[PDB]
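Protein chains in written order, with full-length UniProt numbering: chain H, 253 to 804; chain P, 1 to 1341; chain F, 266 to 314; chain D, 95 to 116.
Here is the structure we will look at.
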Amino acid sequence: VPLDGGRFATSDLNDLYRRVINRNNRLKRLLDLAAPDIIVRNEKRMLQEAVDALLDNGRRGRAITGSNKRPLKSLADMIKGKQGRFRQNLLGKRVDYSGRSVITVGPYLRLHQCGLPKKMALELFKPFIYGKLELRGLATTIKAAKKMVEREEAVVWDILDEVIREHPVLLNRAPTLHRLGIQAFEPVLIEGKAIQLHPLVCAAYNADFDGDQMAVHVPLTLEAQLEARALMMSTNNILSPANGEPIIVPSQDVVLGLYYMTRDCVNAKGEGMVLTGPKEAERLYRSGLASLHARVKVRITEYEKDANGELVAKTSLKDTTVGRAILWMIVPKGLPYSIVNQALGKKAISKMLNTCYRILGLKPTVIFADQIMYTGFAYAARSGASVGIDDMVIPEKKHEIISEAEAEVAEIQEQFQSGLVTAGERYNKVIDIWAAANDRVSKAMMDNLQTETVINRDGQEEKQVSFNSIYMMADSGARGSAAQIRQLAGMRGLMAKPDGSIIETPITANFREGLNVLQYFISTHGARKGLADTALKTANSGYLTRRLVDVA
Amino acid sequence: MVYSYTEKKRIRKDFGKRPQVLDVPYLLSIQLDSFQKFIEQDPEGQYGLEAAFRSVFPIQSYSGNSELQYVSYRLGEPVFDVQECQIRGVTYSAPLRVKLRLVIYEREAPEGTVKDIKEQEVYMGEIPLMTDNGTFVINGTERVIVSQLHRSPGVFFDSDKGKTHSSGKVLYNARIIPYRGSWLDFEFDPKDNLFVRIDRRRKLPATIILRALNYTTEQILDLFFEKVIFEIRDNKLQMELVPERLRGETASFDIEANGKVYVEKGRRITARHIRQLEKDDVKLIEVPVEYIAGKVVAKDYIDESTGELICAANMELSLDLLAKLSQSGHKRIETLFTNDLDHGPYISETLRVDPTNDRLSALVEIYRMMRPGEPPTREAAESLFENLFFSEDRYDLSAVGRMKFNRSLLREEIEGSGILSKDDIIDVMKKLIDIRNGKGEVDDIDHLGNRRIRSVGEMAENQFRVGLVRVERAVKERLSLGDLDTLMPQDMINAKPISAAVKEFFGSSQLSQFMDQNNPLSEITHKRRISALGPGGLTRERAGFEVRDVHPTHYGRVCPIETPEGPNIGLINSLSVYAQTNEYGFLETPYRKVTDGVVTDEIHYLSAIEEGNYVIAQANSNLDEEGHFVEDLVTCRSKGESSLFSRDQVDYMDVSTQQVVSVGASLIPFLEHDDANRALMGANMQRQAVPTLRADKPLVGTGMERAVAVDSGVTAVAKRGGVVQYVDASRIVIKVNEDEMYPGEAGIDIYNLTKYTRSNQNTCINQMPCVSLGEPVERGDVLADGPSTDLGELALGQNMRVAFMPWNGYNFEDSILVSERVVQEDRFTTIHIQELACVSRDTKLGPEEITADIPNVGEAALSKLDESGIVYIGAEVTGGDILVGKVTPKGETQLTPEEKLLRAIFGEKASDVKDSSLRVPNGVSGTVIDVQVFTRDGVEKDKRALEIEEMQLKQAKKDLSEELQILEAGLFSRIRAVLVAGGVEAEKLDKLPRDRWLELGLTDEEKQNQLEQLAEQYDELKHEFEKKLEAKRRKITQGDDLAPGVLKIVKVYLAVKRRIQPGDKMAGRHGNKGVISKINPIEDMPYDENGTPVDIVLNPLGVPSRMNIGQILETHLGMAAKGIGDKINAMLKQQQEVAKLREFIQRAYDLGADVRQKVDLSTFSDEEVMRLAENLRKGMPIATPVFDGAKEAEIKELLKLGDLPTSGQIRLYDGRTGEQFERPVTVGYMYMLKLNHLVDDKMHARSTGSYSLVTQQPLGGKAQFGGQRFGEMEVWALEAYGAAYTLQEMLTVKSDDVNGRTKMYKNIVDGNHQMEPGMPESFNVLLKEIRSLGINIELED
Amino acid sequence: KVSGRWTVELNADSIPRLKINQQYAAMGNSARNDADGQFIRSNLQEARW
Amino acid sequence: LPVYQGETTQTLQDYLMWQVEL
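Right, here's the structure in full:
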């Protein structure tokens, strides 16, 4: 491996050999000349040192190259360590048929599918393209086939679309911690440069659609293709192999859509309408009623598998809403209606999927997951569902609670000045009263957010659950929680941890009304602590996993 | 009233309530002030080269009576300019030459000098010179040297106790850190014994270091301990007890005092008893004999008659020994006190542990530690011990070290010596014992009063000193050997060692790295970076968990936001806006003095230590007109615990709200409404933005963009300018007015802009003029706009019209939906420039040549090549076309009839040459911007190399003749004026010069002499012009010197325009990033009631979970600003009168609370309003300070002025169905920026390529079409699936199974899909490597 | 070419060089055996030549 | 790190053998 071409300058494997060879030659030609004992013993000592350094450098002494203080890599150093032979032999090998790209979302896709760019394809499948071209008689010779593939002709594109058809390809997220980091899909050729991934499998892959990349590997033997179809297919990884809960569950922008479409509000357009159930979609789409209409009576034909291996119908006239009546179209046969006739949060649809899998089987539950994703995505967009400054409201009692807490703090400080209370007791009381004030503020803020006032049946007074965007999202569980809302409308709370302790004065402000320089500087210790904790615990978790796998 | 003629074009509205007191500093002082003082001629030798020389320059021969000194050093003038260095590839530096003095003196005379050789100076190396931007041009590439943050030399009493002790006991050690030399550590053991440790090696007993300093047991005892008299005469056995001095111990029995007994037997000691014993004079009181057995003797007592060693020092008294020592030795015996409660010996227990009692046996112990063998011979051990610590030229810590040492030991004096001292050692040990017993507090390493910063100049000085101390040895040797000579002072002064040391430091170092070049913000924040790693401090990113936290003393000194979020989080920081460096290197920050309630304008800089005493108020505190406080109770910081204080306790107040944030985090609008994590991420992602074609200002800013753009040095600012004469796409010339003009110059300032040059990141750097002809320009006004700058403001991104709503799942998690209009209008389009080079590399067969006579190639390939063989400028090249036609000679053609026939038939090829041409790498396409060719001296091929030469020569002639033309015109005007009223009209002078007819008037007055003098001056000017032109031509055509092998170099640059597409990564300023998932046609994109479609659709499900209310506030403010701009645009389109437009602009400028006074119709004329309105017609620029921004009420009010809904929401319609969305949506204008992670550089695919010679595996990470890495976790996944066949396939067929790869390829092409696994090659390599050791290994059957 | 009348230098890296060994040069006198002394003397002579 | 394990190149004989295999 020459550097400048003129001189090869072999290093780190031939320097030690050269040292040993020349020193041994000198000792051998000095041994037969009746050399003095001191000289011959000294030469033997240097020969011993040279051989020891060749076999292992770091153990005794150090041998270094010119202009670099780094030692040489002896024979053993290329066996042990993370840069040794085994850890490149232990599947540390690179692979031939592989490709990368940035991950992109494709919502039109179904569970057993992915979007593979045409530029990336026709390169991973090039031997197959050559084989098909030779078989169909479009290129009598390998050179002609190569030229035709290099020119990228329409026949080449048709042949690629033909050969890629029934051929699974498997994707792999870079940190693969459990089994589901590798799944096999059916490639669909897209015009672009980014791999399109399925939102449902994003949760298993732990992908986040911000610069994440994904590797592609092609199985070519028949056993490998059948294996990717029958063991690694993403339509076979329904349940988690760790605990047993389903690994596919709508999580975001679908939970919100289903929650919005299945909700009840009084005095909506078309309250008293009675219909058959197919008519709810015709009534929402054209005119007449809103998907939030109440007291709507629709006749639902349930199917229950009461008989052994056979299901029978049952027709009723249960009251429901237009949105639930529409979603009943998506819901399959064997499932009942009580699982739909509700507000349908996130755990509700997770239970829906679990019941569908347990009762019907695998194919109905896969189809149900796909249809749920489609309908949730559609209605979330159709709902508008924006966010604004006025969306998060601050309770009016916050000022009075802050004033009362400050007054009690002043009273405690006066008592401490009087000498009746010592420092630790005063600190504990201050913390207790501030925590109580924080809890009261949070309770008042939730009180304001939860309840809304509306007019029903000309009564002019009604209290039904609000339609605030932040409250709706938190309640549905799509994204966020009441604890995180507390920091947007209520107070930040104590938010104090220099190393372990707690500052007596808490942050009394939220992000809607801004923050002070002192408060914002105080609130950075926890952020830095958490970021450092993640960045220096990832490696420890990886090492624990490695030891577990090696021992078991 | 602010004129600011460059700013008067477009005034940015400010929402700043607080009044600014201190203006933002230079923002790049830390990088260039240190280097300026590094090479500054100082009359007194304190820092720089003057201090580096005076250290070890006086050379004294080994009793040779011949010395060497120096007079002064002078810095040479640089050979090339910065632009010349960058275009060439050489380093920017300046030669160093110092006048020396070698004096030889004769023998037998005390200091009798006979000859001096102080007549010639020697050049010793070149110092790389710093440019105007705090950056170096080392080897043609711009590099920045980061400052370091390490622990200041001194003494630190750290605790190092807790769980690491593993005994439930606290320890107290002490370390003395010098700036140079060895370290000294004084630990403690759970046995309450102290040990001395050097260089963190094996420990030693406590008092060996004391005994080495000619100290005996008696002095050590009397110095460390206090000895009581213990006067026991005539068997009285009485004790001189002082209750004030010693007390707190219960009396056992037989205790008496003056008058009544002090304490009854068996009674607890009481404060009343102590007070009574102190009030009454207490003489020597008797105690039982039990108190003697436990007590130890202070000194060694000797009997009066004989001198036996009875009662040895540090020995407990015995009852039997007591009688004989009282009878023979003496009566009063010196003893100790040794009370556990408030004291502890901790040394007398160690004295018996010492194996050595004499200094003789003690001195060799340190030698035994230092060197294992070779015992000393009474000349080595003493010399080593004296040279280790107490030598001047081997320890020499610092002035800072001595200052910290004296401050930590309560010493008034600050001026000390770099040598340690015995008394210093005893003080250190005494204070260690004091802190162990309880006398003070342990130190804190994270405290910014214990850590100092090292800038580039001082590390350069240290490296130069290290390089000079090496050549000093050679000079001394050459002066000692063969001293009988009178040669010039170059006996051993070799510049190569010093130059090699300085080049090694500057070029290849950990703290010297390529500067970021994709943003002015990125550059200006790389130059202010502070790192803890490097040659010192923290050796690795590991070994730290509380070092990387936000210490409370980081308030106005380092930023708690800007830091990377990777492995080195917390080890990389950025200075705040106002943070300055102390005299010794610590960090300061400015405050305003508060005197008896009022707040003065004066500014005091306080370091970390000083700020801990005074009570500093808060910047967000109300202020009266006179400087008084509104509220009696104000929030302040006292010692790290902020609380409330009255107005009579405060002493200082902060300067501005931007004081705690760096320059990166001060560009984020509404920073106080964002979480710390998201603010950190937004600040970190702002630096990665890549500039686009058309720069667009932000409608929502903070006011720091102007300062950042000006101070980044990326624009072209006008120095001493008055008016513009000629404006061009690449040249600006300014006619400086006479007010700012000094005699002796033409009066023309010329600026040559930088057009389309490659950056470090392969981006584009382009400057565009802003001024027009005849536009008056003041001093400090910008003239050009660098990358991502708009009229002198930092503009990195575009104002996109965002909408917050889910859209069919195309913005699912962090994906973005972008309208097609964004792609059509060429927003976010980016220009990228690459560098390709080829060398000739002459051979023994013959030199290689670029002649375009390339064999085995078609005429189509050589269509784009010139006669010389290199591409035409402007040609488009894709894939694998030829750029430079190079041929390598082969061996001589053989006499063989076959080759003879081939030569006779074809000729001109003879297989003499081989096609080793430079071709474009696969998947690279672009158009050639310009080429550059370099030919070494002595080679005059120059096929077409003269064209660039002539272009440069003509440009130099054009830019050099202008000043001469101006001077000649002035002289001609002077002649025409002095011939007035002399009978000669100006018509003759205008027609022909004629040297004013050679004074045809012949008045014999001063006129003739005046004409002669003017003719002489004109001749001198012409001669100067010719000399300058010849000098420029000689500097231009002189030729380059390259590497010995290299014969010539040709470089080719290609420019590529990259557009937006799915996969590309966008971002905001609030830590929100994303990947484009779709480019939606304009028809489908949601539209409002006026038919205008939004540009970008974003997911509203990130705001409540990431706490980014800054996004929402920014969109509302941007919507208000765009509404104002739209109203102004409509009024301009209606061609309305000036009065109404001016009144509307004034009403829009005066809106809000009391912030800033600015009024039209009194400074702006009728015309300036037109250009102001035409500039701010695409939106009203708004500036909200960091923590003093606009309020929600003011935003709602501003929305009302542009006739917009104050709620911020608006009804939208679906573009595909025309059905109105319920729950009205939020639209606005967010500043979106495009990051440097493009999908064009991310995709890679491979089927079969080139493997490595060893292990036969695919290469790697796109290194020439490499493969991808299956790993241990991936094989674990496959095994968990049970994928035996896929695993075997990935193991063998796709990898080093050499005989199986070809078989699988053949079977795939034939349509078989079958595998022949075989055996991997890496296992064979492993077997061979194991057998290369004496270990037999094989496979059985 | 130093601005006319080029001066010639040898190749520093390519040129060979030999250095006497101090350890063995400082043990010929100490050795009390005539064989060792004569051996060291002869080898010193040959090396210096 | 010192550069080692260079790439394998495709000479004429190897290319012709590759084409013979197919």
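The C-beta atom is built at its ideal place from N, Cα and C for all residues, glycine as well.
- For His1244(P), the enclosing beta strand (DSSP E) stretches over residues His1244 to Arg1246.
- Per DSSP, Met1232(P) is one residue of the beta strand (DSSP E) stretching across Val1225 to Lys1234.
- Measuring C-alpha to C-alpha distances from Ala956(P) to each of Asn752(P), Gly891(P) and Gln1010(P) identifies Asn752(P) as the nearest.
- Looking at the backbone, the Cα of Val771(P) and that of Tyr1018(P) are separated by about 34 Å.
- A contact between stretches requires three or more CB pairs, one per stretch, nearer than 8 Å, and the stretch 449–460 of chain P meets this requirement with the stretch 37–49 of chain P.
- Taking 8 Å as the CB threshold, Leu116(D) lines the interface with chain P.
- DSSP places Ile176(P) inside the beta strand (DSSP E), whose first and last residues are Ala174 to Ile177.
- DSSP places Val857(P) outside both helix and strand once states are collapsed to three, so it counts as coil.
- Counting along the chain, the unbroken beta strand (DSSP E) around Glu602(P) starts and ends at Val598 to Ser607.
- For the C-beta of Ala633(H), the chain P residues within less than 8 Å are, from N- to C-terminus, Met805, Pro806, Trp807, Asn808 and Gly809.
- Put simply, the CB of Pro288(H) is near chain F, with a gap under 8 Å to one of its CB atoms.
- The straight-line gap separating the alpha-carbon atoms of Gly585(P) and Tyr5(P) is approximately 39 Å.
- Counted as a single uninterrupted DSSP element, the alpha helix (DSSP H) harbouring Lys476(P) occupies residues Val456 to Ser480.
- Counting only runs that start and end inside the stretch 696–753 of chain H, the beta strand (DSSP E) elements of at least 3 residues fall at 703–706 and 714–717.
- Each of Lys599(H), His651(H), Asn680(H) and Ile331(H) was checked against the Cα of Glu497(H), and the nearest Cα belongs to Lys599(H).
- Apart from the 5 residues on each side of it in sequence, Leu363(H) sits with its Cβ closer than 7 Å to the Cβ of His450, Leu452, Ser486, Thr487, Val618, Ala621 and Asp622 in its chain, given in chain order.
- The Cβ-Cβ distance between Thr878(P) and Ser917(P) does not fall below 8 Å.
- Only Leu327, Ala328, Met330, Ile331, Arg337, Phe338, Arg339, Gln340, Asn341, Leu342, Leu343, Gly344, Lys345, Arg346, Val347, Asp348 and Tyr349 from the stretch 326–349 of chain H bring a Cβ to less than 9 Å from some Cβ of chain P.
- Neighbours of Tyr1305(P) across chain H, judged by C-beta separation under 8 Å: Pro379.
- Closer than 8 Å to the CB of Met315(P) there is not a single CB belonging to chain H.
- When DSSP reads this structure, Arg74(P) sits in a beta bridge with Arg97(P).
- The count of Cβ pairs closer than 8 Å, one atom from the stretch 690–706 of chain P and one from the stretch 501–509 of chain P, stays below three, leaving the stretches out of contact.
- Annotation: Cβ neighbours of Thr102(D) in chain P (cutoff 9 Å, chain order): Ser1250, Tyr1251, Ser1252, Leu1253 and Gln1256.
- In chain order, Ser1252, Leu1253, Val1254 and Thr1255 make up the part of chain P whose C-beta sits under 8 Å from the C-beta of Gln99(D).
- Chain D has a Cβ within less than 8 Å of the Cβ of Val253(H).
- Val818(P) and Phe1221(P) have their C-alpha atoms some 19 Å from each other.
- At least one beta carbon of chain H lies nearer than 8 Å to the beta carbon of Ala296(F).
- Taking C-beta separations shorter than 6 Å and ignoring five residues to either side along the sequence, the partners of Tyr726(P) in its chain run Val733, following chain order.
- Taking 9 Å as the Cβ-Cβ cut-off, the stretch 273–301 of chain F approaches chain H at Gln288, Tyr289, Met292, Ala296, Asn298, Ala300 and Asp301, given in chain order.
- The straight-line gap separating the alpha-carbon atoms of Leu971(P) and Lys735(P) is approximately 17 Å.
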